[PDB]
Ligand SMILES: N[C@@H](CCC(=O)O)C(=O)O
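Here we start with a single chain on its own, the form solved without the named molecule, put down as structure tokens.
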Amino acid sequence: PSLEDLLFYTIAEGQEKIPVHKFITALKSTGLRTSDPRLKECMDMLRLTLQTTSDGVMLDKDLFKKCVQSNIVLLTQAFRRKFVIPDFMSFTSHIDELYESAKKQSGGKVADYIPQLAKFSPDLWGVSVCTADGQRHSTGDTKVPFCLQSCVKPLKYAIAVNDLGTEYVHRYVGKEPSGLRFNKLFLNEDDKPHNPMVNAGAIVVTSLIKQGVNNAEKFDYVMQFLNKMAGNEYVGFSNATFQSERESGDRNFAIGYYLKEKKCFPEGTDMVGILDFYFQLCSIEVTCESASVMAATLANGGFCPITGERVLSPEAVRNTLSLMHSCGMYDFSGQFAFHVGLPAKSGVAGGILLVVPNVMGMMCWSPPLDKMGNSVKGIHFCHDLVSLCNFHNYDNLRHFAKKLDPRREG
């Protein structure tokens, strides 16, 4: 027997040779993107034989064997329905409906405190999915760059725990939510910030990453890291947003000094310098698509799903998801944890980084925020998604009532 050969008969349909487009659309219908890095050898060989023989465009058992041999393990799982969402075409149909249902929630106010997010239109709205297996789907304004802002706080924490361990990082920052009107305090009772998703704890976590090196190499260190998470999709940097964040951050300058007085930073910290590195990290740019790969990396126990690369330790990813559950959505965290039950993180540009552990990661984006600071459409989408699918943290995988389960088939 032979794996390349048995896969050949599945797509051959008893016939003699497979047209290339018939193989291409069969492969794309699994949700894989024809530009998947795990598929580069297969696609390079296909492009070559489509030159070598204008005499086509048909592959026999032996010619198909030449192309798919290099990536046969991933292609077989994709064609024999072994992916975490087996019927991806029906699932994306559902994502499209949920998107259109949220597209009608036109309330909210765009963050206006800086001219660079006031520039963004309230009609933008996109959602990108990326499963723990690499299946992609987008709808809407998903290639528009926008800043992570507070969406970057869980990614920084993951990098800090990945490099320093849990016990070290949690000398300097706590692990609990604060309480629905302890939002205005910087420190909990141990004179540590309450947790990494809070501004005071985000700043302290920022002062742990790559100490001893200067602000240019730290920024390089974190961006190289964010590239691995996104399978080398778009990660950028807005100097416009950063220069404004620098000139309008009196609240954070207040935090920095209060943290200096109470000896919250590591010894030898340049507090004002850490504030620049902090403002920088909030001005990193993503699209919906590139961020949906980041979120899926946390969804996937730390391995980027479109490269197979190990990016974060299981200890760093578990801690980040734990803190996104309960501290992730500003004052909505408690209500969100109850009704949605997913690790999520919101931002002022309109991002919501959403992780369905063991299934997929997502990024929703609509600039207009409601009064607690979360994208109006994004929050609507997240409620709708969990009403439809048994992805809630404490839904049952066996007795889930009237919800659909995309991890099953019939």
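The numbering used is simple: start at 1 and walk along the sequence shown.
Quick note: we don't show the form deposited with the named molecule bound, though the next part is all about it.
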**Fill in**
in the deposited complex, the residue from 92, 269, 252, 227 with a non-hydrogen atom within 4.5 Å of the named molecule is 252
**Item:** Contact assignment for the named molecule in the deposited complex, among 138, 199, 116, 313, heavy atom within 4.5 Å
**Value:** 199
**Message:** Within 4.5 Å of the named molecule in the deposited complex - does that hold for a heavy atom of every one of 131, 295 and 361?
**Reply:** no
**Message:** Can you tell me which of 63-71, 353-361, 340-348, 33-41 lies within 4.5 Å of the named molecule in the deposited complex, counting heavy atoms only?
**Reply:** 340-348
**Request:** Please run the contact check for residue 150 against the named molecule in the deposited complex: heavy atoms, 4.5 angstroms, yes or no?
**Result:** yes
**4.5 angstroms heavy atom contact with the named molecule in the deposited complex for residue 278** = yes
**Prompt:** Taking heavy atoms and a 4.5 Å cut-off, does residue 282 contact the named molecule in the deposited complex?
**Reply:** yes
**Prompt:** So in the deposited complex, does residue 330 come within 4.5 Å of the named molecule, heavy atom to heavy atom?
**Reply:** yes
